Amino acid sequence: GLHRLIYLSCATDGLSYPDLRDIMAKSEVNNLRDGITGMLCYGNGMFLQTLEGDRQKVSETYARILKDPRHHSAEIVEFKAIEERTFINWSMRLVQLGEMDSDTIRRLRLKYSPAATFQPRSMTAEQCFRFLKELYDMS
C-alpha cells in the first residue's frame, strides 16, 4: 500500500556542500528506482524529510538512511498509509532554508512550531507535514 514517512535528524559536524549534492544525487536515483518521492529540508543544522511510496521500499530506504554518518540522532515523526501522494513532483527535492527569503521562512517556521529557530523536534507530525507541504508548493 501507499505510505508516507516523516522523520528528522541532526546534521553531523562537517557537512559540506558536496555532501548535500552527493546525498541528493543518490536519493534521486534510488527513489526513482523504488517508486519513492519526497522532499528534504535542511536548516539550522537540522534535517526534516518526508518519503512517500511502498511500505517495504520506504522502510528499506529509511534503514539505509540511518547508516549515513552525515547525520545522527534520527527521530521518526510519522508513518502511516495515505490515499494519495502529496509530494508528487520530485524523486527527492532538497530545500535549504538558509537560501529562502528570511521573512517567508521565519513566518512559516513560526506558523507550524513554537520555536525561535527551525527545530523539528518541537513539532508534531501534522506540523511537519504542513510545513513541508508549503515548502513543496513554493518549489
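Numbering starts at 1 and follows the sequence shown.
Stretch comparison (125-133 versus 21-29) by mean CA B-factor in the PDB entry places 21-29 on top. Stretches 96-104 and 109-117 differ in mean C-alpha B factor, with the higher average recorded for 96-104. For the set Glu78, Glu52, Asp68, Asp34, the PDB entry assigns the largest Cα B-factor to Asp68.
Per the PDB record, residue ranking by Cα B-factor puts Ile6 in the lowest third of the chain. Sort the modelled residues of the chain by CA B factor and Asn89 lands in the highest third.
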